[PDB]
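Some notes on the structure that comes next.
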Amino acid sequence: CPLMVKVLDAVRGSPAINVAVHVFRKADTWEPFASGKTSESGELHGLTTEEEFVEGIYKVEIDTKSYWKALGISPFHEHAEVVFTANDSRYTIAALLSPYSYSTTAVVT
Amino acid sequence: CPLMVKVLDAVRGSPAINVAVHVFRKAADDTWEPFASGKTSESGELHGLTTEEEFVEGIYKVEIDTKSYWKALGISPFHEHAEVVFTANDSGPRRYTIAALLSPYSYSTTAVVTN
Ligand SMILES: O=C(O)CCO/N=C/c1ccccc1C(F)(F)F
Ligand SMILES: O=C(O)CCO/N=C/c1ccccc1C(F)(F)F
């Protein structure tokens, strides 16, 4: 599992459950690559395989807007967007969500 | 000044000076049109990107060029940039401050919206 995403809710103090996440790879346009929804643990595994996940620029779009929308909280952002170059020389993208703010970090091991 | 950007550096505890910032607005075909751009000053602030007349309702993307920043300091960062996408002025005109806090493998962004 070369790419995992983990999403937390800073208002509720909980994982962010059932959040839609779309990954794109840069082709100079954006092409769909993977997607899924976070689990009960706020996690998204099995997006891609080592074979598929080659060097390149990737964008992870976290559909935070629909997440806040579904609990009746007014959100600011359309989404959280995390753009990074993946290089061969294992990635967890973690995001921490609030209605008017978000934080993201990469754990690369 | 309806749209301001402030950028801080979490490694050095200082404003993030001379950081490029590009703002785009979503167009009538779901593409991103260039809207405004500039560079942060000594205080890590970017003022004068737009005017209230130009800053109409829409979906805007503020892209902070964190990669050239970190490279100009001699550091290899993770992200290509920091991005913030949001709808503005949807219920009338507002004043927006977009603040970002930068680390080589992380960033945070927050929005302060005034009437
Ligand atoms: O799976 C993992 O590596 C750990 C998940 O936890 N993520 C935490 C986290 C993520 C983004 C911004 C701020 C934080 C925090 F520091 F505030 F908590
Ligand atoms: O100019 C403004 O509106 C506020 C400027 O300061 N920004 C602070 C800030 C921004 C993003 C994440 C975390 C923080 C922080 F609180 F942790 F430091």
Side-chain angles (χ1 to χ4, degrees), chain A residues 1-17 19 21 23 36 38-47 60-64 67-68 75-77 79-84 86 90-109, chain B residues 1-17 19 21 23 38-49 60 62-66 69-70 77-79 81-86 88 94 96-115:
Chain A
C1 200
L3 177 58
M4 294 153 272
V5 177
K6 206 279 172 67
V7 188
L8 299 189
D9 182 319
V11 183
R12 312 194 358 139
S14 76
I17 292 141
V19 180
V21 179
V23 189
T38 53
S39 70
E40 294 299 312
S41 73
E43 290 176 13
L44 190 51
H45 297 84
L47 276 171
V60 177
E61 288 196 11
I62 304 172
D63 292 339
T64 52
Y67 176 80
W68 294 113
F76 177 65
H77 302 99
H79 53 252
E81 226 182 299
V82 179
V83 186
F84 66 99
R90 215 132 299 243
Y91 298 85
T92 296
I93 307 303
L96 170 71
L97 307 186
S98 307
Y100 282 81
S101 171
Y102 73 92
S103 177
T104 186
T105 194
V107 186
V108 182
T109 70
Chain B
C1 199
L3 178 58
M4 305 153 46
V5 180
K6 182 169 177 159
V7 191
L8 305 175
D9 174 331
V11 178
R12 305 192 301 168
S14 70
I17 302 163
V19 172
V21 174
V23 187
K39 260 171 217 269
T40 59
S41 64
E42 292 292 296
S43 63
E45 285 166 12
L46 178 49
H47 299 106
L49 277 159
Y60 292 83
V62 170
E63 159 196 295
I64 294 146
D65 294 336
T66 60
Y69 178 70
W70 291 118
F78 187 68
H79 296 97
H81 49 250
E83 253 169 335
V84 194
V85 176
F86 61 97
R94 303 286 181 270
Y96 302 78
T97 291
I98 298 322
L101 173 64
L102 303 188
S103 291
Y105 281 74
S106 174
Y107 63 87
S108 294
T109 179
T110 317
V112 174
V113 185
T114 302
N115 208 118

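Chain identifiers are assigned alphabetically (A, B, ...) following the order of the sequence lines, protein sequences preceding nucleic acid strands; residue numbering begins at 1 within each chain. Remember, it's 1-based here, ligands and their atoms both numbered in the order they're listed.
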Q.
Closer than 3.5 angstrom, by distance alone: can the side chain of B:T97 be matched with the main-chain N or O of B:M4 as a donor-acceptor pair?
A. no
**Q.** For B:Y96 against B:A88, the heavy-atom pair lying closest together
**A.** OH-CA, 3.3 Å
Q) Going by the order shown, which atoms of ligand 2 are within less than 4.0 Å of some heavy atom of B:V112? A) 3 (O)
Q: Let me know which protein residues bring a heavy atom to under 4.0 Å of ligand 1; chain then number is fine for ordering.
A: A:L8, A:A94, A:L96, A:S103, A:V107
(Q) At less than 4.0 angstrom from any non-hydrogen atom of B:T97, what atoms of ligand 2 do you find? (A) 3 (O)
Q.
Do A:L47 and A:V5 make a side-chain contact, defined as non-hydrogen atoms from C-beta onward lying under 4.5 Å apart?
A. yes
(Q) The criterion is ring pair (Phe, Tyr, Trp, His ring centres under 6.0 Å); which residues satisfy it with A:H77, sequence neighbours excluded? (A) A:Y102
Q | Interatomic distance, A:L8 atom CG to A:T38 atom OG1 [nearest 0.5 angstrom] | A | 10.0 Å
Q. Does B:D9 have any salt bridge (charged side-chain N to carboxylate O under 4.0 Å, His left out) partners at least two apart in sequence or in another chain, and if so, which?
A. B:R12
Q | All salt bridge (charged side-chain N to carboxylate O under 4.0 Å, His left out) counterparts of A:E43, not counting sequence neighbours | A | A:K6
